[PDB]
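Enquirer: Following this message is one structure expressed as structure tokens.
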Amino acid sequence: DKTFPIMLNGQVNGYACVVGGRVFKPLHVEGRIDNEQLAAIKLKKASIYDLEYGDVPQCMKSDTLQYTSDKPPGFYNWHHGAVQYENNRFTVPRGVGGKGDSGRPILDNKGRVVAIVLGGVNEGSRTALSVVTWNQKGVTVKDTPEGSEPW
Amino acid sequence: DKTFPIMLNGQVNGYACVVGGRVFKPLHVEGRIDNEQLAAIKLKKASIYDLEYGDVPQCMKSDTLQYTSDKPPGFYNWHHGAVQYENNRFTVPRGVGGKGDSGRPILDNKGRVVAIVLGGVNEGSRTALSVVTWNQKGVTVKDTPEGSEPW
Amino acid sequence: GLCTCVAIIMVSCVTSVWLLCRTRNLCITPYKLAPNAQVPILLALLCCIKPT
Amino acid sequence: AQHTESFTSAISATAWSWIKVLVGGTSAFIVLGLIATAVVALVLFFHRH
């Protein structure tokens, strides 16, 4: 599949992912990727975004999730169901997601990644996700609600 | 509606409204709020708008009414009936509302709060409402017809 | 005096040039990580990049 | 003494400048506050109207 579980003690710690030309994975998740063709490509870390980036093999190249910085408020999909984008925040119904959900992509309706999750807080009947977005100019920026935790 | 009757001696004196993660309560209406969990947060007052603020506890922050500053003239629902926005004035058909009705939200058709009213003054067959509106730039502002009295 | 002059100049120079490199990669890392943001010309000139 | 003191004969340039900087400091701080109050009133009036 087009996102890979990094593994620790057998028990997937974080799904890392392949976005737009670079595998990305969160720094806090510590694990072997579970795809040999990535499991050794040196990672260039950047703690300001809590992520690690690396070029995918030139053969792997044409599988790589598209992205785009234009994300109007509305419904976006996600492995564990729908996420909703309102008031410049991504929110998920309560209780779905946690330790293990770090770094999975959030895709739009045309299938392109708009965000990669790094954490959460359950807030009442919903959950705000701390995420890495491509801001209105396409610059990456880490958007985090207060008190959010590393998933 | 998520409003709450503030009481003192067991009878309601006004209604307290949560919007955008913040209990809003008209400053003038006095007493004890009907939900203990709100009863503890220290209200931070603002006389310029006759409101007492308080940021709602964490566990309910996603179950808070929205708001908007975008207000076409027209019919806007409201607890006690339909409210008319004409000529940058909030109006209600005559005689409905009074002491206790202060601080109930005024919603638009989409369910969003457009105003929270603090009083009213009779003009013929209607009554113009003294209210808190978020002006065309979104800055909060108290709009009040002349000689309106505190409900 | 000369050994402390060589020491204080070198230490200051290398700490400064490491700060300059750290800010350059902290400027650049967002645009690097977002493959298409239409390249600036005051950021992109100042910090080094092959433009679009 | 062949002269008369005048209650200002001892102040001297340094103490003059110090008391000036003090009085002017207090005046400037208070006037800055009052101009701030006026600016807030005006911006709020422009906010509604």
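Any read-out appearing in this document is the output of simple, stated calculations on the displayed coordinates, not a laboratory observation. Neighbour counts are summed over all protein chains in view; Cβ atoms, including those assigned to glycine, are modelled from backbone coordinates with ideal geometry.
Enquirer: Using DSSP to call loops (not H, G, I, E or B), can you name the trypsin sites (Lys or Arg not before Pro) in region A:1-35 whose Cβ has at most 13 other Cβ atoms within 10 angstrom? Mind dumping the intermediate values first?
Expert: On the way: sites: A:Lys2, A:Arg22, A:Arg32; in loops: A:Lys2.
In loop regions of region A:1-35 (DSSP not H, G, I, E or B), the sparsely surrounded trypsin sites (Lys or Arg not before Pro) are A:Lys2.
Enquirer: What's the local net charge at B:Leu51, with K and R +1, D and E -1, over the other residues with C-beta under 12 Å away? Display every interim value, and only then the final one.
Expert: Details: positive: B:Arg22, B:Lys25, B:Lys44, B:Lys45, B:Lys142; negative: B:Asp50, B:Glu52.
Local charge sum for B:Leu51: +3.
Enquirer: Oh, and also: Using only alpha carbon pairs under 8 Å that are at least six residues apart, calculate the relative contact order of chain B and give it in whole percent. Each step should come with its number before you reach the end.
Expert: Working: 346 pairs, mean separation 29.3, N = 151.
Relative contact order here is 19 percent.
Enquirer: List, shortest first and in nm to one decimal, how far the label point of B:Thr140 (7 Å from Cα along Cα→Cβ) is from its counterparts in the other copies.
Expert: From this label point to the equivalent ones elsewhere in the assembly: 3.7 nm.
Enquirer: At A:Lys61, label 7 Å along Cα→Cβ: distances to the other copies, nm, ascending?
Expert: Its label point is 4.4 nm from the equivalent points in the other copies.
Enquirer: Less than 15 Å Cβ to Cβ from A:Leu65, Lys/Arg counted +1 and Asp/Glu -1: what total charge do the surrounding residues give?
Expert: Working: positive: A:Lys2, A:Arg22, A:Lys25, A:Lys61, A:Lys71, A:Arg104, A:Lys110, A:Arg112; negative: A:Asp1, A:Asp55, A:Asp63, A:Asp108.
Within the 15 Å Cβ shell, the charges total +4.
Enquirer: Taking the Kirkwood radius as the inverse of the mean 1/r across Cα pairs, report the Rg/Rh of region B:1-85.
Expert: Values: Rg = 13.9 Å, Rh = 14.0 Å.
On the Cα set of region B:1-85, Rg over Rh gives 0.99.
Enquirer: As an exercise, identify the chymotrypsin sites (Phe, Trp or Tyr not before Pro) in chain D lying in DSSP coil whose Cβ has no more than 11 other Cβ atoms within 10 Å. Provide the component values of the computation, followed by the final result.
Expert: On the way: sites: D:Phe7, D:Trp16, D:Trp18, D:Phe29, D:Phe45, D:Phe46; in loops: D:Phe7.
Listed in order of number, the matching sites are D:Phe7.
Enquirer: Can you list the distances in nanometres, one decimal and ascending, from the A:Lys45 label point to the identical position in each other copy, with the point 7 Å along Cα to Cβ?
Expert: Result, one decimal in nm: 5.2.
Enquirer: Shifting gears a bit: Return a whole-number percent for the relative contact order of region A:34-109, with Cα pairs under 8 Å and 6 or more residues apart as the contact set. Don't jump to the answer; show the numbers that get you there.
Expert: Values: 60 pairs, mean separation 14.9, N = 76.
Relative contact order here is 20 percent.
Enquirer: Whole-Hz ³J(HN,Hα) for each residue in region C:13-23, computed from phi via Karplus 6.51 cos²θ - 1.76 cosθ + 1.60 with θ = phi - 60°, x for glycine and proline: what do you get?
Expert: With coefficients 6.51, -1.76 and 1.60, one gets 5, 6, 5, 5, 6, 6, 5, 5, 5, 4, 6 Hz.
Enquirer: Using 1/(1 + (r/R0)^6) with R0 = 60 angstrom and r between the beta carbons of D:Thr37 and C:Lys32, what's the FRET efficiency to the nearest 0.05?
Expert: Working: r = 49 Å, r/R0 = 0.82.
According to the calculation, E is roughly 0.75.
Enquirer: I'd like the distance separating the alpha-carbon centroids of region B:76-151 and region A:16-85, in whole Å.
Expert: Region B:76-151 and region A:16-85 have Cα centres spaced 50 Å from each other.
Enquirer: Extending each Cα 7 Å along its Cβ direction at D:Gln2 and B:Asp34, get the distance between those two points in nm, one decimal.
Expert: Computed distance between label sites D:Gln2 and B:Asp34 equals 9.6 nm.
Enquirer: Now for a separate question. Which chain B residue comes nearest the axis with its C-beta when you rotate B onto A, and by how many angstrom?
Expert: B:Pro72, 20
Enquirer: Separate question: Among all the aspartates and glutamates, which ones have a C-alpha under 16 Å from A:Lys45's C-alpha, if same-chain residues fewer than 8 places away are not counted?
Expert: A:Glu30, A:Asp55
Enquirer: Between B:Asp70 and B:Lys137, what length comes free when the chain is fully extended (0.36 nm per residue of separation minus the Cα-Cα distance, one decimal in nm)? Write out the running numbers ahead of the final one.
Expert: Details: separation 67, 0.36 × 67 = 24.12 nm, distance 0.91 nm.
Taking 0.36 nm per residue and subtracting the Cα distance, the gain is 23.2 nm.
Enquirer: Follow-up. Enumerate by residue number the trypsin sites (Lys or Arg not before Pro) in region B:47-143 meeting two conditions: DSSP loop (anything except H, G, I, E, B), and at most 14 other Cβ atoms within 10 Å of the site's Cβ.
Expert: Working: sites: B:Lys61, B:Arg89, B:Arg94, B:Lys99, B:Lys110, B:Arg112, B:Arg126, B:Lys137, B:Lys142; in loops: B:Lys61, B:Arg94, B:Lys99, B:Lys110, B:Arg112, B:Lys137.
Sparse-neighbourhood loop trypsin sites (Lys or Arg not before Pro): B:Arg94, B:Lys99, B:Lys110, B:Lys137.
Enquirer: Is the shape of the protein assembly as shown rounded, prolate or oblate, going by the alpha carbon gyration tensor and its root eigenvalues a ≥ b ≥ c, with a/c under 1.5 for rounded and a/b larger than b/c for prolate?
Expert: Values: a/c = 2.44, a/b = 1.18, b/c = 2.07.
Oblate.
Enquirer: Could you tell me the distance between the Cα centroids of region D:20-49 and chain C, to the nearest Å?
Expert: 43 Å
Enquirer: On to the next question. With the contact rule set at Cα under 8 Å and sequence spacing of 6 or more, what percent relative contact order holds for region B:80-126? Intermediate results must be reported in sequence, preceding the final value.
Expert: On the way: 47 pairs, mean separation 15.3, N = 47.
Across region B:80-126, relative contact order equals 33 percent.
Enquirer: Give me the net charge for the shell around B:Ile6: Cβ to Cβ below 15 angstrom, other residues only, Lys and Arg +1, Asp and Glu -1. Display every interim value, and only then the final one.
Expert: Values: positive: B:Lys2, B:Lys25, B:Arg32, B:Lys45, B:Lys99, B:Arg104; negative: B:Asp1, B:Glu30, B:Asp34, B:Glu36, B:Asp50, B:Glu52, B:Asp101.
Surrounding charge for B:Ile6 is -1.
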